[PDB]
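Below is one structure, written out as structure tokens; the observations come after it.
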Amino acid sequence: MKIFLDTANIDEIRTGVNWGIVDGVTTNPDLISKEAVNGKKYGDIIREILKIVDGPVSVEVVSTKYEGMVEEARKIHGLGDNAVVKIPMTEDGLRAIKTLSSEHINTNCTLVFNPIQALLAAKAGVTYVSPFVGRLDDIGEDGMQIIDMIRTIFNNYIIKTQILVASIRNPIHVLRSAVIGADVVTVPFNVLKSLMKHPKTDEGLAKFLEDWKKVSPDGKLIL
Amino acid sequence: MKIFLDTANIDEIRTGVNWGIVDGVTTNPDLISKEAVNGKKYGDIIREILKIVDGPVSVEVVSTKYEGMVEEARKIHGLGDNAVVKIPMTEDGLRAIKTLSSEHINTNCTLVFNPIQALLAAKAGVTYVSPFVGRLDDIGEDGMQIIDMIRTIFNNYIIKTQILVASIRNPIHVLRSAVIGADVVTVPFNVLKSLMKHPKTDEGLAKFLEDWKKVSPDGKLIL
Amino acid sequence: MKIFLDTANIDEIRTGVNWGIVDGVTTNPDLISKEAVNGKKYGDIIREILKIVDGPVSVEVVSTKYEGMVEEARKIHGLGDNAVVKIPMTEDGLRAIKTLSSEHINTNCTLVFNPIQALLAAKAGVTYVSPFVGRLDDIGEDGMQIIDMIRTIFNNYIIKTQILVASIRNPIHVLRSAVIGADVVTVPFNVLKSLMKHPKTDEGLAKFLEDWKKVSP
Amino acid sequence: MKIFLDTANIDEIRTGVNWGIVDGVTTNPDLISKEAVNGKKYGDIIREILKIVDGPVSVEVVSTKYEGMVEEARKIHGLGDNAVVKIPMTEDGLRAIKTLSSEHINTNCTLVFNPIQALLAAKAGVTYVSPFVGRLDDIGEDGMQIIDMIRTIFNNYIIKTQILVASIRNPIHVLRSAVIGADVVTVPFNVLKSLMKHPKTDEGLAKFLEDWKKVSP
Amino acid sequence: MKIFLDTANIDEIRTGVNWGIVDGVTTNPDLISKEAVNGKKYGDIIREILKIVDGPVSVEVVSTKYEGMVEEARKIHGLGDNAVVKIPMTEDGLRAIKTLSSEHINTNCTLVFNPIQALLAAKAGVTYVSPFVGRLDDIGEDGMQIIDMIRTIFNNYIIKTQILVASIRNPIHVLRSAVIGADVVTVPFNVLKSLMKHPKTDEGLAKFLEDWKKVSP
Amino acid sequence: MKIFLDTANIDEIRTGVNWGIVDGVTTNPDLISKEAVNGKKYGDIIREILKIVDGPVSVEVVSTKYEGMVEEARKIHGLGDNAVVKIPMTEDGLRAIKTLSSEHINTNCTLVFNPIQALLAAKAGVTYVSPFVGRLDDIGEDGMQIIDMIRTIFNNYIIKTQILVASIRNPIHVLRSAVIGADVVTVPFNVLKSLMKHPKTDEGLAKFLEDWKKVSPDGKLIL
Amino acid sequence: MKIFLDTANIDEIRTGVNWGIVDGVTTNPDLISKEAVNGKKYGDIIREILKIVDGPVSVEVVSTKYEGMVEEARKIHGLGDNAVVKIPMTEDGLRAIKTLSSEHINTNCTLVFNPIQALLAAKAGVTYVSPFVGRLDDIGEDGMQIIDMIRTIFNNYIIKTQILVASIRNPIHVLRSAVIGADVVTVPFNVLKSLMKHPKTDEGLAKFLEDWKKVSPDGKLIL
Amino acid sequence: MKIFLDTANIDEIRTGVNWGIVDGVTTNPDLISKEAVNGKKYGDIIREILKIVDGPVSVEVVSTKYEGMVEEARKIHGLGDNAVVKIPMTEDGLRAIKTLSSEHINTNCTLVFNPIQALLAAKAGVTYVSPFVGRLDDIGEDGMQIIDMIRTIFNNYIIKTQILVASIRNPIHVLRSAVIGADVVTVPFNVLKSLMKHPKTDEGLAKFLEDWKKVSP
Ligand SMILES: *C(CO)[C@@H](O)[C@H](O)[C@H](O)COP(=O)(O)O
Ligand SMILES: *C(CO)[C@@H](O)[C@H](O)[C@H](O)COP(=O)(O)O
Ligand SMILES: *C(CO)[C@@H](O)[C@H](O)[C@H](O)COP(=O)(O)O
Ligand SMILES: *C(CO)[C@@H](O)[C@H](O)[C@H](O)COP(=O)(O)O
Ligand SMILES: *C(CO)[C@@H](O)[C@H](O)[C@H](O)COP(=O)(O)O
Ligand SMILES: *[C@@H](CO)[C@@H](O)[C@H](O)[C@H](O)COP(=O)(O)O
Ligand SMILES: *[C@@H](CO)[C@@H](O)[C@H](O)[C@H](O)COP(=O)(O)O
Ligand SMILES: *[C@@H](CO)[C@@H](O)[C@H](O)[C@H](O)COP(=O)(O)O
């Protein structure tokens with residue numbers, strides 16, 4: 001399972017990349033606009049993320065009509081070969097995904113909330129499809145059940161579109177995604193950092209170090 | 001399923017190896033301090049086990065910082081080709097695993113307590129991951145369910161990291177591990193001895209011997 | 001299922017209570033210390049919540065010893081009959097719960113993270129037990145499975161302690177609690193506000209509003 | 001399971017009551033406005049249905065504020081003892097439901113799309129709750145799963161609110177409601193008539209008729 | 001589980017009655033028109049079955065219209081108190097069942113092929129409902145599934161209508177009906193006789209016969 | 001669950017009754033004819049069993065026609081109120097069961113091999129129905145699945161006939177009967193005696209007695 | 001679920017009782033010999049536990065013969081009304097249970113290893129039955145599955161004998177027993193202590209205390 | 001699935017082999033000492049079975065020490081290429097299996113009673129592992145569940161050791177072994193003879209025999 005960072009915060013991306021467990025980044029207009037304050041411009045933010053992140057960086061078009069989406073997608077593509085164009089699940093979005101797929105421009109269909117939307121995006125040739133599990137949880141349906149159905153549908157037809165679980169809110173979205181077999185999760189920084197932690201890891205590490213000081217006063221391992 | 005001995009008692013290790021039922025050994029700072037009493041040095045104990053044991057021997061770093069871990073890891077690797085460097089599940093541990101994996105040094109990520117920690121260790125390139133089922137049992141959650149989820153996750157992504165079940169306390173941890181399909185169990189010596197035994201084996205042996213006396217008084221097979 | 005509000009924010013409690021969907025309130029030392037700022041005193045906050053909320057109001061002791069816990073629990077009980085004394089799952093806490101239960105002081109055992117702790121709290125006679133599902137989610141275990149096991153255990157032994165699901169983070173903790181059959185959930189205000197809402201409710205209301213205007217401008 | 005007709009068409013209602021399988025009627029602003037054409041007024045339509053149907057007749061308020069909903073509800077109730085006041089799942093609607101339930105005015109909470117909304121309506125005291133299965137099917141989720149969850153939740157807490165499955169589109173919504181154990185379904189007239197029919201019933205009747213002409217010309 | 005005989009053949013009925021394991025009889029116009037040949041009249045056959053069979057005996061109307069069905073049902077009722085009037089699953093049939101139930105005339109709704117038809121018949125007050133499993137088998141659907149669903153639905157609503165499994169073709173229809181918990185099965189005579197038999201019963205008798213000859217010639 | 005002894009051997013019955021876990025006895029013409037040798041007559045055997053066993057004793061008619069079965073059943077009944085008349089699943093047997101049931105003579109329908117035979121016997125009013133699990137096993141169908149279906153059928157209709165599992169061959173027929181909820185098992189003596197035994201009981205008892213001799217040399221418990 | 005302490009250590013028993021979490025005690029000849037060292041008499045140890053403990057106290061006979069068992073049982077009963085006589089699963093044990101049950105002496109049948117032994121002990125009238133789950137684990141079969149079958153069997157026949165799960169080794173034996181619905185668990189002291197504890201309880205307590213210092217420096221609740 | 005005959009009775013083996021359904025033979029010291037009576041020597045019995053049976057023939061060592069086991073195993077191997085050396089699951093036995101497997105002497109590990117013993121035997125390289133299902137039945141555990149777990153374990157690790165189900169007591173051990181997918185069953189002669197037979201086979205043959213006589217006396 002690939003793990004992407006769901007943020008436009010440079011310091012978070014830099015930190016998570018330096019950890020070696022971040023395989024790419026997803027952004028959206030809200031995440032970018034949060035960082036586009038105090039003089040910083042959204043063009044600088046996107047270019048700096050593309051520089052820091054070896055893997056896929058998903059950047060969302062703001063146009064809602066087919067022609068503007070394709071024009072924006074080509075400019076996004078030109079920023080670097082690791083850019084992925086994020087396109088909403090709409091009639092014009094599906095037309096744009098089909099056009100861009102023929103041009104070998106990688107795409108990510110967003111604002112997906114049920115399995116048949118995800119299948120339509122795959123049929124248009126999309127590289128990644130992003131169902132939003134947290135926003136389904138918000139309205140009282142367990143969002144992970146949609147990931148499970150999409151995994152089954154995609155397995156049935158040997159679909160090559162990657163499932164990119166998005167709107168992730170807690171580490172059990174991540175656990176269940178991995179047990180289902182989703183291709184990618186994208187997670188806020190607070191979630192990513194919690195994934196490495198467990199109270200019994202901290203307890204056990206401290207205990208081992210104290211056990212060791214009984215045979216090595218300096219605490220070193222000399223061999 | 002490979003079976004490792006979880007001990008640094010040299011007498012136990014020799015006895016287990018000579019049954020031919022032991023495929024490797026795991027140690028940790030506690031286990032080694034137990035045997036480093038009354039003049040025996042921890043360096044001597046580690047070197048001896050590496051000599052006696054033909055399979056992998058897992059030896060744990062004691063530094064908590066990345067540089068200290070890679071430095072100690074390279075020294076452990078230099079003691080023998082069967083040495084495996086045991087590295088805790090932490091931010092610096094994951095960084096150390098990725099670097100060492102690139103240097104073709106085998107690694108074992110320890111103090112793992114849930115399936116996503118195990119997945120992160122696999123993503124860093126670790127040779128073995130060791131979830132601690134007995135310490136989960138201690139805090140009232142069935143540790144074998146974590147092994148089951150890790151096996152499913154690893155199957156989903158064709159992950160090559162081996163599942164090394166650790167903190168084993170009884171033969172049912174071993175039985176359930178084999179049914180799940182974990183790659184390795186590491187067991188204390190008293191658990192190892194119990195695995196060969198059953199009261200109906202003992203009874204049946206005794207009976208066949210008495211039956212054979214009716215046809216051969218000396219109890220031999222003359223062919 | 002009862003729905004409690006997990007906050008000491010008096011403005012949140014007033015709003016939730018005016019909606020009529022809030023059956024009680026839980027607090028803890030963090031929640032209260034979030035409000036007791038810029039002059040406000042914690043004793044005044046607790047008394048104000050006790051006044052606003054008709055239903056149970058949980059207030060946590062701060063002492064860690066049996067004697068201090070019982071003395072604090074008695075002062076809490078005396079602030080109002082709807083007060084419930086929140087007591088951590090410790091050896092001294094179980095002793096305190098047993099004493100307070102014999103004195104007919106209602107109790108709530110908190111910081112519970114597996115089903116056997118919840119059973120011990122019930123054996124001490126506690127009125128409510130609060131397993132923390134979000135903090136279990138945090139450490140990579142589905143916290144709702146612990147609620148499922150506690151419900152089965154309590155059903156097996158006809159236990160009268162109420163399961164009060166706490167550390168709730170989202171509306172699916174609430175849905176799963178109701179399908180399991182937990183007695184109570186306690187929810188932060190953001191979660192409480194989402195429980196009434198659905199986008200098809202909003203859409204359908206707008207549509208019926210336009211439909212009606214055709215026969216009644 | 002009770003079976004209500006989901007229409008304001010007086011001819012459909014008369015026909016269906018004349019069959020003996022119609023236990024009540026539901027309406028909404030769309031359904032009434034469809035028949036309030038060619039000089040016919042909505043007040044007369046509602047009154048006519050109330051007279052023809054012995055069972056419950058659900059009539060929706062159009063106000064969106066608490067005070068207007070309660071005032072409308074009391075007028076709807078005055079029209080006849082079998083009137084049930086249909087109220088949307090909103091903050092003001094839950095407030096109106098609690099007030100009306102204390103006045104012993106029967107209520108039906110509408111525009112429900114998940115199980116926790118249904119639980120909130122039952123906590124307010126509503127007589128019926130109407131989850132909309134067809135509109136969930138429309139957005140790609142199997143609406144009958146929501147009914148199954150509500151049935152479990154209501155069984156867990158011995159809830160007396162009746163589950164009134166609404167937005168029914170086909171006979172399998174009806175079959176699945178009965179197997180789940182929903183209290184009521186409300187169905188459009190074309191669904192209702194299809195429920196009595198099966199091709200082997202038709203085939204069997206024709207053969208037995210031909211069989212009987214053998215021994216009785 | 002009650003066991004009825006599905007025939008109009010007086011000799012089969014007499015034989016199965018002598019066995020003590022036949023609780024009642026069902027007939028239909030095909031079955032009767034098979035026995036009213038070579039001078040035998042259908043009115044004699046019906047009275048003769050009524051006379052032989054202590055338990056319920058179902059006799060089907062031939063009218064298709066409400067008033068004719070009700071008139072015929074009263075004539076069938078007058079023939080003996082154990083007569084049960086078999087009425088098809090149609091609009092007029094449901095109307096007649098309701099009227100006849102109000103007159104305390106027992107009824108059996110026939111030509112039922114899915115669970116919702118069975119539910120409608122129960123709602124009209126019918127004493128027995130007869131789904132036709134063999135004819136469903138004929139068209140490629142496992143007819144016993146329909147029995148399972150009707151059992152679940154009737155349990156859900158504490159329905160007092162008895163499930164009378166009809167169109168039975170083999171002993172596994174009978175086994176499955178009993179495992180589901182259907183109230184009654186009605187069986188053709190060939191099927192009935194087969195239910196008592198098993199080759200290991202035959203073999204064991206013969207061997208005990210030889211065994212006892214070693215001890216008592 | 002009641003446990004009956006399936007034998008006509010006086011010494012076995014006496015032994016099992018003295019153990020206090022035998023609630024009655026079933027016989028059949030073969031079992032009796034095995035004991036009716038060396039001068040003993042079958043009438044003496046039956047009367048002696050009826051004397052030893054407080055509970056139900058099932059004795060099989062040898063006639064195959066209705067009138068002879070009822071006449072034999074009345075003579076069997078006259079031997080003692082604890083006698084139960086065993087009658088085969090045949091057309092005449094069912095007629096006899098119905099007649100005897102009206103006369104308040106207890107009955108046991110035997111040679112039952114499927115669930116609908118068992119239901120017909122219950123409808124005739126039989127006190128016990130005896131499906132033969134071992135003889136089904138012999139012909140390649142798992143005989144316990146018939147007990148499970150009979151239990152379900154009888155539960156469905158609140159049938160008061162007791163399920164008396166017969167033709168029992170091993171202790172797992174007995175275990176599965178108890179887990180299903182059959183009313184009675186009838187077991188050969190060899191099976192009954194094995195039911196109390198387990199190798200870990202013997203091992204544990206011996207170990208406890210040796211532990212005790214460390215604090216009480218005589219091996220007694222003085223209080 | 002009642003919780004008994006499986007020990008004869010008086011200090012453990014006093015400590016456990018004073019937590020109010022201990023409902024009774026079980027002993028056996030081994031456990032008592034452990035505490036009957038350096039002058040302490042086994043009779044004194046038994047009498048003291050009976051004094052300290054308000055709930056049942058199970059004390060095991062050492063005679064293997066029926067007469068010896070009933071004689072010792074009556075003496076054990078005379079020491080206090082809370083005494084329960086522990087009797088092994090044997091032919092003579094079952095006879096002793098039936099006699100003692102008729103004398104209204106409470107009994108506990110021990111060394112049970114499968115569900116039919118447990119059923120036989122219930123048929124003899126035993127107050128408690130003790131299947132040994134840890135010793136089953138030792139010989140490679142999951143002991144908790146035996147508890148599950150016994151609970152089903154007892155439910156089937158409305159058996160009043162209480163299931164007393166014994167040979168408990170870890171907190172998951174306890175968790176699974178409660179989920180199954182066993183009447184009683186008896187646990188060693190180190191397992192008892194572990195049941196109250198969890199690392200997130202410890203962490204959360206520590207955090208609330210630090211949070212409270214921001215509003216109250218002395219860490220008290222002034223009401 | 002291979003079917004072996006579990007006996008040293010030469011008459012049983014000849015009969016089973018003449019039927020063509022016997023793929024091999026297992027013996028043990030009890031079975032052989034049952035035959036070596038009234039002058040007959042055990043060495044002659046083993047040699048005669050090796051001659052009659054084309055397939056594998058298992059013969060158990062009697063020594064309990066590694067050195068004696070290997071020396072006995074080598075003499076057994078030299079009696080014929082179809083000989084397989086049966087070795088008990090003990091520490092010395094596992095050592096002997098490992099040595100003999102490296103010498104390409106086929107082995108069978110016996111007295112196995114749980115799935116981890118079977119796994120250890122496979123890790124030592126044993127050709128066949130023989131779990132004892134009837135002796136587990138004797139002590140109140142369903143022995144076939146152990147076969148099910150061993151099959152799953154062996155599938156998990158692509159283990160090439162063959163599962164040889166032993167201590168078989170009835171044809172349902174055989175049926176369940178085949179449904180699980182065990183490689184081999186070894187059966188006593190009484191069981192072997194029952195596997196071909198069914199009363200409906202006997203009945204149908206008699207019936208076709210009579211049917212044919214109508215067209216061919
Ligand atoms: C190394 C990881 O494979 C092992 O030595 C582990 O440290 C132990 O198995 C942990 O066991 P304990 O919980 O008994 O320390
Ligand atoms: C009291 C027990 O119901 C509550 O106030 C709990 O302390 C909180 O629900 C725990 O929540 P957090 O994990 O968010 O502190
Ligand atoms: C009356 C309803 O119970 C019965 O006589 C039915 O007509 C028959 O069981 C139907 O059987 P066929 O499909 O064989 O006509
Ligand atoms: C009495 C029966 O309830 C108990 O004392 C048992 O003897 C022990 O629980 C057995 O445990 P061990 O297997 O550890 O001896
Ligand atoms: C050898 C291993 O396959 C066999 O001869 C076994 O020893 C027997 O199958 C065991 O049977 P018993 O339990 O009847 O001795
Ligand atoms: C792009 C799709 O992969 C992501 O940035 C999504 O916009 C977010 O993950 C949505 O999360 P929120 O629901 O929290 O906005
Ligand atoms: C009232 C609630 O029982 C009903 O009239 C509902 O408004 C309808 O059943 C909704 O159906 P549509 O989705 O077709 O509007
Ligand atoms: C009477 C019915 O309870 C019993 O004696 C049965 O005849 C036997 O149990 C049948 O056993 P076999 O199949 O071994 O004869």
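Letters A, B, ... mark the chains of the structure tokens in the order given; residue numbers begin at 1 per chain; ligand numbers begin at 1, in order shown.
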
- Message: Distance limit 10 Å, atoms considered: only C-alpha atoms. Which chain G residues sit that close to chain B? Return them as a list in words.
- Response: residues 134, 136, 137, 138, 139, 140, 141, 142, 143, 169, 170, 171, 172, 173, 174, 175, 176, 191, 194, 195, 196, 197, 198, 199 and 200 of chain G

- Query: Quick one: which residues from chain D are at most 6 Å off chain E, using only C-alpha atoms, as an NGL selection string?
  - Reply: :D and (178-179 or 181 or 196 or 201 or 208 or 211-212 or 215)

- Message: Residues contacting ligand 7 - anything with an atom at most 9 Å away, using only C-alpha atoms and all ligand atoms - can you give me those as a PyMOL selection string?
- Response: (chain C and resi 204) or (chain D and resi 4-8+25-31+58-60+86-87+108-111+128-135+164-169+185-188)

- Assign secondary structure with DSSP using the backbone only, and return the residues of stretch 21-204 of chain H in helix (DSSP H, G or I) as an MDAnalysis selection string. chainID H and resid 29:35 42:52 66:77 91:102 115:123 133:138 144:156 171:180 189:195 199:204

- Item | Distance-based interface of chain F with chain E, 9 Å, counting only C-alpha atoms, as a count of residues only | 40

- Tell me, in Å to one decimal, how far atom CA of residue B:35 is from atom CA of residue A:218. 18.9 Å

- Contacts of residue G:48 within 12 Å, only C-alpha atoms, excl. fewer than 3 positions in-chain, as a list in words: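 Non-adjacent residues within range: residues 8, 9, 10, 11, 13, 14, 25, 40, 41, 42, 43, 44, 45, 51, 52, 53, 54, 57, 79, 80 and 83 of chain G.
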
- Query: So how many Å separate atom CA of residue A:193 and atom CA of residue A:86, to one decimal?
  - Reply: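 For atom CA of residue A:193 relative to atom CA of residue A:86, the distance reads 25.2 Å.
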
- Item | Surrounding residues of residue G:87 excluding itself and chain neighbours under 2 positions, 8 Å, only C-alpha atoms, as a ChimeraX atom specification | /G:60-61,69,85,89,93,96-97,107-110

- Determine which residues of chain G DSSP labels as strand (DSSP E) from the backbone of this structure, then write them out as a ChimeraX atom specification. /G:2-6,24-26,57-60,83-88,107-112,128-131,162-165,184-187

Would you put the residues from that selection into a file with C-alpha atoms, as a PDB file, in the first residue's frame?
```pdb
ATOM      1  CA  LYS G   2     -17.157 -14.406  39.402  1.00  0.00           C
ATOM      2  CA  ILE G   3     -13.410 -14.188  39.768  1.00  0.00           C
ATOM      3  CA  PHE G   4     -11.594 -16.515  42.162  1.00  0.00           C
ATOM      4  CA  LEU G   5      -7.914 -16.468  43.160  1.00  0.00           C
ATOM      5  CA  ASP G   6      -6.028 -19.706  42.366  1.00  0.00           C
ATOM      6  CA  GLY G  24     -13.538 -16.854  46.224  1.00  0.00           C
ATOM      7  CA  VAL G  25     -10.391 -19.001  46.192  1.00  0.00           C
ATOM      8  CA  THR G  26      -9.380 -22.329  44.706  1.00  0.00           C
ATOM      9  CA  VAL G  57     -12.979 -21.798  49.092  1.00  0.00           C
ATOM     10  CA  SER G  58     -12.273 -24.996  47.179  1.00  0.00           C
ATOM     11  CA  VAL G  59     -10.168 -27.600  49.026  1.00  0.00           C
ATOM     12  CA  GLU G  60      -9.133 -30.857  47.346  1.00  0.00           C
ATOM     13  CA  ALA G  83     -15.782 -24.655  52.111  1.00  0.00           C
ATOM     14  CA  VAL G  84     -16.239 -26.454  48.769  1.00  0.00           C
ATOM     15  CA  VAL G  85     -14.891 -29.978  48.347  1.00  0.00           C
ATOM     16  CA  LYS G  86     -12.734 -30.438  45.230  1.00  0.00           C
ATOM     17  CA  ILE G  87     -13.029 -33.973  43.867  1.00  0.00           C
ATOM     18  CA  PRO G  88     -11.251 -35.393  40.779  1.00  0.00           C
ATOM     19  CA  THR G 107     -18.497 -29.815  45.467  1.00  0.00           C
ATOM     20  CA  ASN G 108     -16.069 -28.846  42.687  1.00  0.00           C
ATOM     21  CA  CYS G 109     -15.130 -31.567  40.121  1.00  0.00           C
ATOM     22  CA  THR G 110     -11.513 -30.984  38.989  1.00  0.00           C
ATOM     23  CA  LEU G 111      -9.064 -32.329  36.341  1.00  0.00           C
ATOM     24  CA  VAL G 112     -11.658 -32.061  33.569  1.00  0.00           C
ATOM     25  CA  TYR G 128     -18.844 -26.417  40.065  1.00  0.00           C
ATOM     26  CA  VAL G 129     -16.907 -28.079  37.251  1.00  0.00           C
ATOM     27  CA  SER G 130     -13.292 -27.019  36.524  1.00  0.00           C
ATOM     28  CA  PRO G 131     -11.970 -27.629  32.983  1.00  0.00           C
ATOM     29  CA  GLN G 162     -21.357 -23.583  37.399  1.00  0.00           C
ATOM     30  CA  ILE G 163     -18.507 -23.591  34.853  1.00  0.00           C
ATOM     31  CA  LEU G 164     -15.317 -22.713  36.806  1.00  0.00           C
ATOM     32  CA  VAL G 165     -12.540 -22.094  34.260  1.00  0.00           C
ATOM     33  CA  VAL G 184     -16.389 -18.320  37.223  1.00  0.00           C
ATOM     34  CA  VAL G 185     -12.712 -17.933  36.369  1.00  0.00           C
ATOM     35  CA  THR G 186     -10.030 -18.790  38.864  1.00  0.00           C
ATOM     36  CA  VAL G 187      -6.755 -16.968  38.228  1.00  0.00           C
TER      37      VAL G 187
END
```

Non-local contacts of residue H:56 (7 Å; only C-alpha atoms; under 4 positions in same chain excluded) as a short mmCIF file (atom, residue, chain, number, x, y, z; two decimals) with N, CA, C and O atoms, in the first residue's frame:
```
data_model
loop_
_atom_site.label_atom_id
_atom_site.label_comp_id
_atom_site.auth_asym_id
_atom_site.auth_seq_id
_atom_site.Cartn_x
_atom_site.Cartn_y
_atom_site.Cartn_z
N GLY H 24 -1.53 -49.67 -0.63
CA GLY H 24 -0.42 -49.81 0.29
C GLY H 24 -0.91 -50.40 1.60
O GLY H 24 -2.10 -50.67 1.76
N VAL H 25 0.03 -50.61 2.52
CA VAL H 25 -0.26 -51.24 3.81
C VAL H 25 0.49 -50.49 4.90
O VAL H 25 1.63 -50.07 4.68
N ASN H 82 9.81 -50.93 -1.65
CA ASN H 82 8.52 -50.36 -1.24
C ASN H 82 8.37 -50.25 0.27
O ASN H 82 7.36 -49.77 0.77
N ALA H 83 9.41 -50.59 1.02
CA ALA H 83 9.34 -50.44 2.46
C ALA H 83 9.47 -48.98 2.86
O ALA H 83 10.26 -48.23 2.28
N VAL H 84 8.68 -48.59 3.85
CA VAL H 84 8.68 -47.26 4.44
C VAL H 84 8.89 -47.44 5.94
O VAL H 84 8.24 -48.29 6.56
#
```

Enumerate, in order of chain and increasing residue number, the residues of chain G with an atom no farther than 12 Å from ligand 2, each with its shortest atom pair and distance in Å to one decimal, counting only C-alpha atoms and all ligand atoms, as a tab-separated table.
```
residue	atom	partner	partner_atom_place_in_ligand_line	distance
G:200	CA	ligand 2	13 (O)	10.3
G:201	CA	ligand 2	7 (O)	11.1
G:203	CA	ligand 2	13 (O)	11.4
G:204	CA	ligand 2	15 (O)	8.2
G:205	CA	ligand 2	7 (O)	10.2
G:207	CA	ligand 2	15 (O)	9.7
G:208	CA	ligand 2	15 (O)	8.9
G:211	CA	ligand 2	15 (O)	11.2
```

- Provide the atom CA of residue E:73 to atom CA of residue E:184 distance in Å, to one decimal place. 22.0 Å

- Message: Give me, as a PyMOL selection string, all polymer residues having an atom no more than 8 Å from residue A:219, counting only C-alpha atoms and skipping those fewer than 5 positions away in the same chain.
- Response: (chain A and resi 209+212-213) or (chain B and resi 62-63)

Save the residues we just selected, N, CA and C atoms, as a tab-separated table (two decimals), in the first residue's frame?
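Output saved as selection.tsv:
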```tsv
chain	number	residue	atom	x	y	z
A	209	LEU	N	16.28	-0.46	27.21
A	209	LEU	CA	17.44	0.39	27.48
A	209	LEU	C	17.87	0.29	28.94
A	212	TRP	N	19.70	-2.90	29.47
A	212	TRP	CA	21.03	-2.92	28.87
A	212	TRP	C	22.05	-2.25	29.78
A	213	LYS	N	21.65	-1.19	30.47
A	213	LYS	CA	22.59	-0.47	31.34
A	213	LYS	C	23.16	-1.35	32.46
B	62	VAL	N	21.21	-0.91	20.47
B	62	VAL	CA	20.79	-0.20	21.67
B	62	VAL	C	20.74	1.31	21.48
B	63	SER	N	21.43	1.87	20.50
B	63	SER	CA	21.27	3.29	20.21
B	63	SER	C	19.83	3.60	19.79
```
